[PDB]
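*Asks:* This is final.cif, which holds mmCIF, C-alpha atoms:
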data_model
loop_
_atom_site.label_atom_id
_atom_site.label_comp_id
_atom_site.auth_asym_id
_atom_site.auth_seq_id
_atom_site.Cartn_x
_atom_site.Cartn_y
_atom_site.Cartn_z
CA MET A 1 77.15 86.41 107.28
CA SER A 2 77.61 88.60 104.20
CA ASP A 3 76.60 85.95 101.67
CA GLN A 4 75.65 82.33 102.29
CA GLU A 5 75.30 81.44 98.64
CA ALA A 6 77.44 78.82 96.96
CA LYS A 7 79.88 80.20 94.41
CA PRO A 8 80.30 78.10 91.24
CA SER A 9 83.94 78.83 90.42
CA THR A 10 83.66 76.03 87.85
CA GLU A 11 86.21 77.19 85.33
CA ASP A 12 88.89 79.88 85.41
CA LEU A 13 92.38 80.50 84.19
CA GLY A 14 93.15 82.87 87.00
CA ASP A 15 91.32 85.98 85.86
CA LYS A 16 87.88 85.23 87.30
CA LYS A 17 89.65 84.27 90.47
CA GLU A 18 89.20 86.18 93.68
CA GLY A 19 91.96 88.59 94.47
CA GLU A 20 92.76 90.82 97.36
CA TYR A 21 94.63 94.08 97.45
CA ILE A 22 97.38 94.93 99.86
CA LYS A 23 98.59 98.34 100.89
CA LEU A 24 102.23 99.34 101.03
CA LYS A 25 104.36 102.43 101.51
CA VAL A 26 107.52 103.82 99.95
CA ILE A 27 109.85 106.58 101.10
CA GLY A 28 112.35 108.56 99.10
CA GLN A 29 115.34 110.83 99.72
CA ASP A 30 112.81 113.63 99.40
CA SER A 31 111.57 112.62 102.89
CA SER A 32 108.23 112.03 101.23
CA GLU A 33 106.24 108.83 101.05
CA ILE A 34 103.21 107.37 99.35
CA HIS A 35 100.69 104.71 100.36
CA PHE A 36 99.10 102.55 97.70
CA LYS A 37 96.98 99.51 97.26
CA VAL A 38 98.19 96.88 94.87
CA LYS A 39 97.31 93.30 94.08
CA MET A 40 99.24 90.19 95.13
CA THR A 41 100.42 90.00 91.57
CA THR A 42 100.86 93.22 89.57
CA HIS A 43 103.51 95.60 88.23
CA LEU A 44 104.97 98.18 90.64
CA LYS A 45 105.27 100.62 87.74
CA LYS A 46 101.73 101.75 88.66
CA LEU A 47 102.99 103.04 92.03
CA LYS A 48 105.83 104.87 90.29
CA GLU A 49 103.34 106.83 88.20
CA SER A 50 101.19 107.54 91.21
CA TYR A 51 104.27 108.80 93.05
CA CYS A 52 105.27 111.30 90.35
CA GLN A 53 101.61 112.21 89.85
CA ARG A 54 100.94 112.84 93.56
CA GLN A 55 104.24 114.25 94.82
CA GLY A 56 105.03 115.89 91.50
CA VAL A 57 108.61 114.63 91.59
CA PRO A 58 110.46 112.95 88.66
CA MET A 59 110.50 109.18 89.20
CA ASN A 60 113.39 108.93 86.73
CA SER A 61 115.82 110.98 88.84
CA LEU A 62 115.56 108.33 91.56
CA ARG A 63 115.09 104.56 91.75
CA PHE A 64 113.06 102.10 93.80
CA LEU A 65 114.87 99.58 95.92
CA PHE A 66 113.41 97.15 98.37
CA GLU A 67 116.01 96.48 101.08
CA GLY A 68 118.58 96.08 98.29
CA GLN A 69 116.20 94.72 95.67
CA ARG A 70 116.10 96.49 92.34
CA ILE A 71 112.64 97.35 91.07
CA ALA A 72 112.77 98.75 87.55
CA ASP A 73 109.07 99.24 86.65
CA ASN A 74 108.59 95.50 86.18
CA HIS A 75 109.17 93.78 89.50
CA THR A 76 106.12 92.44 91.25
CA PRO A 77 105.11 92.36 94.98
CA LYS A 78 104.79 88.59 94.70
CA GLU A 79 108.28 88.15 93.33
CA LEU A 80 109.98 90.34 95.88
CA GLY A 81 108.60 88.15 98.63
CA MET A 82 106.95 91.10 100.35
CA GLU A 83 103.43 91.80 101.64
CA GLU A 84 101.18 94.58 102.93
CA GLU A 85 102.55 97.42 105.08
CA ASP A 86 105.85 96.86 103.32
CA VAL A 87 108.34 99.62 102.78
CA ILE A 88 110.24 100.51 99.64
CA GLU A 89 113.24 102.78 99.56
CA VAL A 90 113.70 105.38 96.84
CA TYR A 91 117.29 106.45 96.34
CA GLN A 92 118.32 109.48 94.35
CA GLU A 93 120.44 108.50 91.37
CA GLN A 94 120.00 108.51 87.61
CA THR A 95 118.58 105.20 86.42
CA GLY A 96 119.05 105.98 82.75
CA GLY A 97 117.05 108.77 81.22
#
So that I can check it, write out the structure of this file as structure tokens.
*Replies:*
Amino acid sequence: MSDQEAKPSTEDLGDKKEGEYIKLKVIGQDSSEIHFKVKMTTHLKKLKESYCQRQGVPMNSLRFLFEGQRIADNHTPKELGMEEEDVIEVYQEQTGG
């Protein structure tokens, strides 16, 4: 009942398309965690920044692994096969400074 108007959606490459955001959570060896909202398709590097920016801890000293998956600032939520309320594990180990 929000809007009963007919959307055109005539032409689009996938940018004018409707997209929803999902929220996830990641925990590190620091016993800390962060909750973020990302898109179905996007780069997880944004959450890395937000982690270092919010917790003030160096995202380089540790890495982001999803149940054994390696996420090096390029992997996407769509590629990992995951969804909202998902958990990522941050292990402490140099990932190449």
*Asks:* I need the residue set behind the PyMOL selection byres ((chain A and resi 37-52) around 12) for this file; please write it as an NGL selection string.
*Replies:* :A and (14-15 or 18-28 or 30 or 32-36 or 53-66 or 70-86 or 88 or 90)
*Asks:* Could you check how far CA of residue 96 (chain A) sits from CA of residue 67 (chain A), in Å to one decimal?
*Replies:*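 A separation of 20.9 Å between them.
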*Asks:* Considering all atoms listed in the file, can you say which of A:29, A:13, A:69, A:8 comes closest to residue 92 (chain A)?
*Replies:*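 Result for the nearest residue to residue 92 (chain A): A:29.
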*Asks:* Go ahead and compute the interatomic distance for CA of residue 87 (chain A) and CA of residue 31 (chain A), in Å to one decimal.
*Replies:* 13.4 Å
*Asks:* Can region 65-78 of chain A be brought up to N, CA, C and O atoms and written out as a short mmCIF file (atom, residue, chain, number, x, y, z; two decimals), in the coordinates of the input?
*Replies:*
data_model
loop_
_atom_site.label_atom_id
_atom_site.label_comp_id
_atom_site.auth_asym_id
_atom_site.auth_seq_id
_atom_site.Cartn_x
_atom_site.Cartn_y
_atom_site.Cartn_z
N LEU A 65 114.18 100.74 95.41
CA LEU A 65 114.87 99.58 95.92
C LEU A 65 114.18 99.07 97.16
O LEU A 65 113.81 99.82 98.05
N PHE A 66 114.01 97.78 97.22
CA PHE A 66 113.41 97.15 98.37
C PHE A 66 114.47 96.41 99.14
O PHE A 66 114.87 95.32 98.76
N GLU A 67 114.96 97.04 100.21
CA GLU A 67 116.01 96.48 101.08
C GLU A 67 117.18 95.89 100.26
O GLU A 67 117.81 94.91 100.65
N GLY A 68 117.50 96.54 99.15
CA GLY A 68 118.58 96.08 98.29
C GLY A 68 118.09 95.43 97.00
O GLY A 68 118.88 95.07 96.13
N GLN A 69 116.78 95.29 96.87
CA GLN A 69 116.20 94.72 95.67
C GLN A 69 116.00 95.82 94.65
O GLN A 69 115.64 96.93 94.99
N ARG A 70 116.24 95.51 93.40
CA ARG A 70 116.10 96.49 92.34
C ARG A 70 114.77 96.32 91.64
O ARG A 70 114.45 95.25 91.12
N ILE A 71 113.96 97.37 91.68
CA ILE A 71 112.64 97.35 91.07
C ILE A 71 112.57 98.35 89.91
O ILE A 71 112.30 99.55 90.11
N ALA A 72 112.81 97.88 88.70
CA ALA A 72 112.77 98.75 87.55
C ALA A 72 111.47 98.59 86.76
O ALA A 72 111.43 97.94 85.73
N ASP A 73 110.40 99.18 87.30
CA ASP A 73 109.07 99.24 86.65
C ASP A 73 108.61 97.91 86.05
O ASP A 73 107.89 97.89 85.05
N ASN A 74 108.96 96.81 86.69
CA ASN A 74 108.59 95.50 86.18
C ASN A 74 108.44 94.49 87.30
O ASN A 74 107.63 93.57 87.22
N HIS A 75 109.22 94.68 88.37
CA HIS A 75 109.17 93.78 89.50
C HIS A 75 107.80 93.77 90.14
O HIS A 75 107.09 94.79 90.16
N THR A 76 107.43 92.63 90.67
CA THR A 76 106.12 92.44 91.25
C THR A 76 106.23 92.22 92.77
O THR A 76 107.26 91.76 93.26
N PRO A 77 105.15 92.53 93.52
CA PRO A 77 105.11 92.36 94.98
C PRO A 77 105.21 90.89 95.38
O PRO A 77 105.66 90.54 96.47
N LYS A 78 104.81 90.02 94.47
CA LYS A 78 104.79 88.59 94.70
C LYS A 78 106.18 88.00 94.52
O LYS A 78 106.55 87.02 95.15
#
